[PDB]
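Residue numbers (the authors' numbering), protein chains in the order written: chain 4, 1 to 38; chain z, 1 to 307; chain I, 1 to 141. Notes for the one structure printed next.
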Amino acid sequence: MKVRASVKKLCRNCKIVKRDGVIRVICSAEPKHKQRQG
Amino acid sequence: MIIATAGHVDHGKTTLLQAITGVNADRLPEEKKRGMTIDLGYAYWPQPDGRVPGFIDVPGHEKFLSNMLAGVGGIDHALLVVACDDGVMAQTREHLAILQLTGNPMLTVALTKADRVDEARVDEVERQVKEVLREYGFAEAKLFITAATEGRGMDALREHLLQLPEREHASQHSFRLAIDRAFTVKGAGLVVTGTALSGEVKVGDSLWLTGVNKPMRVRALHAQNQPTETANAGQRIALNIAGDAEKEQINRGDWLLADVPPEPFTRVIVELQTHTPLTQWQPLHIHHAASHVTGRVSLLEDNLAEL
Amino acid sequence: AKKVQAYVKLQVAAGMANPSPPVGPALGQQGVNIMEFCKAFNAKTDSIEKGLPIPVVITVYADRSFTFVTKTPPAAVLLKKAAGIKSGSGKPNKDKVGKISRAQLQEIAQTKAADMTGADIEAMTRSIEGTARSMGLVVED
RNA sequence: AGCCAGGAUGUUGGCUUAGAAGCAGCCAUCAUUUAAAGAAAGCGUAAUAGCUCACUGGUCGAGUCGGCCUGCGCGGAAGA
RNA sequence: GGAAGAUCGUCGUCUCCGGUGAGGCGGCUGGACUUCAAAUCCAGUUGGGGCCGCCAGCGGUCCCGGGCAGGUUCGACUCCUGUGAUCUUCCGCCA
Ligand SMILES: Nc1nc2c(ncn2[C@@H]2O[C@H](COP(=O)(O)OP(=O)(O)NP(=O)(O)O)[C@@H](O)[C@H]2O)c(=O)[nH]1
Ligand SMILES: [Mg+2]
Ligand SMILES: [Zn+2]
């Protein structure tokens, strides 16, 4: 989790999802890549 | 009838000794503070019969092994306590191997924790012990299954205790004493306690203390909580001695004996018996009764070695 | 002898039986007898020349041994010792390591021809030579 | 697009050797078995096993790929 | 004895170091070395071991050396576990 304003994809398993209207990044295999509010 | 108790730690060996003798083995505050037998403690069982069997409780720890090695000198009989809960422990098997190598004439296996286990486990551990005896080349052994807190096996144990030989010694042997615990009592000097390998001693006798290299007159002695004018080999001997020697030079594993030894030698040959063969010129611990040494072994013909 | 378990084509030079520093325990991790990798290891070793780092297939099973077959010497060092000049470049376009001719390597490689893939003999020839030319040597043509 | 399967061998590849073998790089910058096979796009690891992916097949059955101009909205946006 | 701690090279001190051991510092022995010094390097601290020819009073073999042993780990003085040894401090030495 990090609130950085630019949430570019980092691994192939990273995928954008819009939850509660804010978009998220979740890299299934690699938790550290998880991001917020791009 | 000296019976030294050995076995893996906290398997009731102290409880057994309080059951038979009721002696408090602890002496140093730390072992009192920590509740374990950190170091050797002694029990004795005086009787109207006039013999006092000797009891030596020892740590089952390898770092503490150097003290147990202090206690294994002069044993008449060895009793390895084994809790029925886990059966024989690895420390117990180690002690069994050490007794087989030392050539102890006989040893008794005493099974504890018997009340907590069902009898089926009793017979199973009994079988397992009787198999292990053959593994170590043990001949006679009398297995006693008992809850020492309950006093269960006491009567069965008694007959065996009376069976145990006290070693005889020929009158013609140079007196030899292995020092164990040197502690002054405020009365009358040093009194150092140790096992007598051979010979008799009296208060008028002069002895020769090794490692201090000084003669020492005997002030007094107690045979086994049994003060007397004379002492014979085959028991722990409290020995109160005078002379120029002082505790700073005194060391456990120093010998007290009738005449000045020729000076100690590092090199020695030894017959080997081993569960598996040793290799030439390798570092190892030499452990002798009350003696720690470090040395390298070498192989000569077959089960012959140079230390 | 059984379904796939261990085997891959990897081993050191044929002069080192059961190597300890690059490998040691790593070769003993599974249940093949160590003897296979020392005594039977010299079988292909001195059969040709000592210390040919031929990869060997050994499917370690729990069922005593596995068939010994030390097959193909690696082409890389084979294009060193066979050419005779062990040195090279690693700079394919930036320098020319040297030159041999079709007569040596094209004849040498045929010993491996039974195992090497190819449509025809020359499919293997250009395939090795395209690798050998890319080794920085410019072979005669 | 899923689903089902493949996705080589000389490959511990010249240098440079703890070892970099598709997996920093010297350099991989070939070609070939056939469907291609990246002298390799990810990770795993000292690098190989290991799985993947690009890539080439099979099932499926009607629409589908990735950008440019774009108009309007979202985050970035905390004070008494 | 017990608990905890420091140290244990390959001449000493230190930096160390997991890529294969190296280096900074130092004392001394000489050489190159001057009238002596000083300095620079060189050369060197040569170490041990089972065994050998031995008493050869020594010299070799192979092997090893960060006290020694053990394991990693792919590879250890290097990481770590022990092991003692010396060394620091403290707990009690109760026939
Ligand atoms: N159920 C049961 N438990 C027992 C018996 N005897 C001893 N124990 C257990 O053993 C514990 C005491 O062990 P102790 O005798 O001090 O051990 P130790 O073997 O003498 N110590 P060390 O080996 O160092 O000399 C008691 O707390 C008790 O739980 C017994 O007869 N029955
Ligand atoms: Mg006890
Ligand atoms: Zn990512």
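Heads up, the beta-carbon is just placed ideally off N, CA and C, and yes, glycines get one too.
Which listed residue (85 (chain I), 73 (chain I), 113 (chain I) and 12 (chain I)) has its alpha carbon closest to that of residue 22 (chain I)
12 (chain I)
Please go through the same chain and pick out, in chain order, the residues whose beta-carbon is closer than 7 angstroms to the beta-carbon of residue 15 (chain 4), but skip the five residues on each side of it.
26
For the putative contact between residue 54 (chain z) and residue 235 (chain z), defined by C-beta atoms under 8 angstroms, what is the C-beta separation to the nearest angstrom?
6 angstroms
What would DSSP say about residue 95 (chain z), mapped onto helix, strand or coil?
helix
May I have the straight-line CA-CA distance separating residue 39 (chain I) from residue 17 (chain I), to the nearest angstrom?
8 angstroms
Output needed for residue 11 (chain z): all residues of its chain with C-beta closer than 6 angstroms, excluding positions within five of it in sequence on either side, in chain order.
81, 83 and 112
Got a sec: does ligand 2 put a non-hydrogen atom nearer than 7 angstroms to the Cβ of residue 63 (chain z)?
no
Taking 8 angstroms as the threshold (C-beta atoms), are residue 138 (chain z) and residue 156 (chain z) in contact?
no
When burial is assigned at 16 or more other CB atoms within 10 Å of the CB, is residue 110 (chain z) buried or exposed?
When all chains shown are included, residue 110 (chain z) counts as buried.
N- and C-terminal bounds of the alpha helix (DSSP H) containing residue 67 (chain z)
Residues 65-71.
Run through DSSP, which three-state label would residue 266 (chain z) get?
coil
Contact check, residue 3 (chain z) vs residue 77 (chain z), beta carbons under 8 angstroms:
yes
Going by the beta-carbon positions, is the gap between residue 152 (chain z) and residue 115 (chain z) smaller than 8 angstroms?
yes
Which partner residues does residue 216 (chain z) have in the DSSP bridge list?
207 (chain z), per the DSSP bridge assignment.
Whole-angstrom distance between residue 128 (chain z) and residue 59 (chain z), CA atom to CA atom
24 angstroms
Which one of 51 (chain I), 86 (chain I), 71 (chain I) and 82 (chain I) has the shortest CA to CA distance from residue 116 (chain I)?
71 (chain I)
Which stretch, first to last residue, makes up the alpha helix (DSSP H) that contains residue 42 (chain I)?
42-48
Outcome for residue 285 (chain z) when other beta-carbon atoms lying within 10 angstroms are tallied against a minimum of 16
exposed
Can you round the beta-carbon distance between residue 198 (chain z) and residue 173 (chain z) to whole angstroms, since I take them to be within the 8 angstroms contact cut?
4 angstroms
When the Cα atoms are used, what is the spatial distance from residue 83 (chain I) to residue 137 (chain I)?
Put simply, the backbone Cα of residue 83 (chain I) is about 10 angstroms away from that of residue 137 (chain I).
DSSP beta-bridge partners for residue 98 (chain I)?
137 (chain I)
Would you call the region 158-166 of chain z and the region 34-44 of chain z touching, i.e. three or more CB-CB distances under 8 angstroms?
no
Mapping DSSP to helix, strand and coil, what is residue 254 (chain z)?
coil
Examine ligand 2 and report whether any of its heavy atoms sits within less than 7 angstroms of the Cβ of residue 294 (chain z).
no
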